[PDB]
Structure formats: structure tokens, C-alpha cells
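*Asks:* Any chance you can model this:
(one chain, ligands or ions: 1)
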Amino acid sequence: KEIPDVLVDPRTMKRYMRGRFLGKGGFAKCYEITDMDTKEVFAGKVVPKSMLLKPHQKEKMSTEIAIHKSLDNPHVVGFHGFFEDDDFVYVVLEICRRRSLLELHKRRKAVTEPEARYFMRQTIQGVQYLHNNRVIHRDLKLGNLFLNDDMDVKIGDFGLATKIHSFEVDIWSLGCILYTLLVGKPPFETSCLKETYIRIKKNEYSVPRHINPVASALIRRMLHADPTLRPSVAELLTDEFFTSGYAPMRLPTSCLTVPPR
Ligand SMILES: Cc1nn(-c2cccc(CCC(N)=O)c2)c2cc(N[C@@H](C)c3ccccc3)ncc12
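*Replies:* Residues are numbered from 1 along each chain as shown. And now the structure:
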């Protein structure tokens, strides 16, 4: 079933123009949509109701919307109201025309330290806002770390977010990220899916010796087996890793493909 060329809602009664395709997450396609009156551009998640015929799955998305809606912070994807018609649910979000930190990783492999310092900081500051507002992400991956044309990291995809394992799962996800950024490969990545889940359980990872001691030190703590021995969000910013070495405040767009100078 076709997705309407113009999108409208009963509430605000604003007309959006479905523009360029941006991607597809699971059963949700996403288009760059544009306000026909204001010309302000937004990323519109379009989920077809044929996926939400079951009231079970229809709850999970109504929770994702519930939470994301309440949020307001320069490191979480902006929320600008959802709406539905007879066929599709439409979630209107902040536009990030530089894709996700995953794309950056895939293209760059191991980034330089300052870049990880910059990304982690900004990422963590988002993670704090969440934890401060009693929100857990539970599903933090480089794909959830979107980038705008200013190279600001903005957290998205709250499809497994929950309001109040607890907070320590997020500190785990950020460990993997800081690993992947600095090391260039995910710490528990393997082709076999069962193998990954075993590696995680038995806590099987080895940080290469090429990585900075102070970096690895923190990476060990963030991935530590005892969730209660993992650092807190507030304890991250203050860590030697962020304070010892050079930390840039802005990043060039060049970082998407090559290292900065
Ligand atoms: C908010 C928001 N959700 N999505 C989005 C929706 C559906 C699927 C996907 C890809 C798979 C995934 N990572 O989940 C992303 C965006 C895409 C972009 N920008 C575009 C340029 C883009 C396209 C691919 C990946 C990242 C960004 N900006 C903001 C958003």
C-alpha cells in the first residue's frame, strides 16, 4: 500500500510533503518530510498499521512515542509530535543529514582518540539527560548515534527505552562504542550470532595493546562483569581519558571519510 505524497494530521492540521527516502529500520521506512507552510524539514518515520494489527506490538511503539515525546535535549533526537491516519503511523523527528556514527565507523574504521573523546563526551551527555530523567535506552549502538550537518551526536531509536538490570546496561553499550571507535572493531563481534551471546555472557574480550592504557583502563571498567562496579554516567565525563588528552569542541565534516588535522 502506497505512502501518501502529502501527510496531514487531525491535531495540528499541518501538511507535510514526503520527500527523499532515507532508509528502513525493521518495518519502518523513513523519509525527509517538509512543512508545506514553513518549509522546516523533518525526518518522518512511517510505520504501516499492518504491523500494528496486534495490540501487543501496538503497545511497544506507543511506549517509544510516549517516552521520546517527553524528552528535550541537544543530544537526543528532537521530537515534534506523532500522528496517524487509517493506514500508517507517522513519527516526526529531528533531521540528521550526516547519518549515524556507524556509517562513520564503517568508512573510517579506528578513529583518532580526540575524535572518540569528542563523540563519547557528547554521547554521554545525552545518556546523562536520559538517566537523570529516569530513562534507559537499553539499545545503544553506533546506529543510534546520529549526526547532523554540525557533527553533533544525537541519540535516537528509543524502541527499547523504558522509564522507571537497570542503568548499567547503558554504561555497557557505551563501553562497546568507545571500544569500537578506538579499536576499529566491535569487542564481541563474530559472524555466528550464538557465539556473540556466549562471548558476552562469559565476558570474553581482549583490548589490543596498541590502545592507550588510560583508554583501555576506562574501557575495562565500562564493560566490567559486575554491573555495580561499572562507573556512573557522571563519573565518565570526569575520567582521565576525557581530561588528560586533547579534546576538540567542534569536528569537521571531513571526519566522515578521513582523519582530521
Ligand atoms: C530520527 C531518525 N530516524 N532515522 C532513521 C529511520 C529509519 C531508518 C534509519 C536507518 C537505520 C537505523 N539506524 O535505525 C534511520 C533517521 C535518519 C536520518 N537521516 C538519514 C540520512 C539516515 C539514514 C540512514 C541512517 C542514519 C541516518 N535522520 C534522522 C533519523
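*Asks:* Could I get the phi/psi values of the nearest residue to residue 239 once chain neighbours are set aside?
*Replies:* Closest residue to residue 239 apart from its sequence neighbours, by C-beta to C-beta, 6 or more residues apart in numbering: residue 218 at 5.2 Å. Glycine gets a C-beta too; all of them are placed from N, C-alpha and C. Backbone geometry at residue 218, expressed as degrees, to the nearest 10, gives phi -70, psi -40.
*Asks:* and the gap between residue 218 and residue 241?
*Replies:* With the distance defined as C-beta to C-beta, to the nearest Å, residue 218 ends up 5 Å from residue 241.
*Asks:* Please apply the same query to residue 208.
*Replies:* 16 Å.
*Asks:* Residue 218 and residue 241: which is more packed in?
*Replies:* residue 241 (24 against 21; other C-beta atoms under 10 Å).
*Asks:* helix or strand for the more buried one, which one?
*Replies:* helix 240-243 (DSSP states H and E).
*Asks:* by contact count, what packs against that helix?
*Replies:* For helix 240-243, the elements it packs on are helix 113-132, helix 213-222, judged by 3 or more C-beta pairs under 8 Å, 6 or more residues apart in numbering; DSSP states H and E.
*Asks:* Now do it: everything it contacts.
*Replies:* Applying C-beta atoms under 8 Å, 6 or more residues apart in numbering, the contact partners of helix 240-243 are 117, 120-121, 212, 214-215, 217-218, 236.
*Asks:* Buried subset of those as a PyMOL selection?
*Replies:* Here is the PyMOL selection string for the buried members of those, based on 16 or more other C-beta atoms under 10 Å:
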select buried, resi 117+120+121+214+215+218+236
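*Asks:* mind listing what's buried in the helix holding residue 241?
*Replies:* 241-242.
*Asks:* mind checking how far that helix is from the chain centre?
*Replies:* Distance of helix 240-243 from the chain centroid (C-alpha atoms, centre = their mean, to the nearest Å) equals 23 Å.
*Asks:* wait, doesn't residue 207 sit right on residue 220?
*Replies:* Yes. If you go by C-beta atoms under 8 Å, residue 207 and residue 220 touch, sitting 7.0 Å apart.
*Asks:* Give me the more crowded residue out of the two.
*Replies:* Each of residue 207 and residue 220 has its neighbours counted (other C-beta under 10 Å); residue 207 has more, 17 against 13.
*Asks:* Tell me who's in contact with that one.
*Replies:* 179, 183, 187, 216, 219-220.
*Asks:* right, and the pair among those residues with maximum separation?
*Replies:* The largest separation in these, counting by C-beta to C-beta, is between 183 and 220 at 12.7 Å.
*Asks:* Excluding sequence neighbours, find me the nearest residue to residue 182.
*Replies:* residue 116 (5.2 Å).
*Asks:* ok, now how distant is the residue in the stretch 101-250 of the chain that the ligand sits nearest to from residue 113?
*Replies:* Residue of the stretch 101-250 of the chain nearest the ligand, by C-beta to the nearest ligand atom: residue 143 (3.6 Å). Using C-beta to C-beta, we find residue 143 at a distance of 22 Å from residue 113.
*Asks:* residues from the stretch 101-250 of the chain in reach of the ligand?
*Replies:* Applying C-beta under 6 Å from any ligand atom, one finds that the stretch 101-250 of the chain approaches the ligand through 143, 146, 156-157.
*Asks:* Looking at those residues, state which has the most neighbours.
*Replies:* So for those (other C-beta under 10 Å), the most neighbours sit at residue 146, 26 neighbours.
*Asks:* can you pull up the bridge partners for that one?
*Replies:* residue 100, residue 154 (DSSP bridges).
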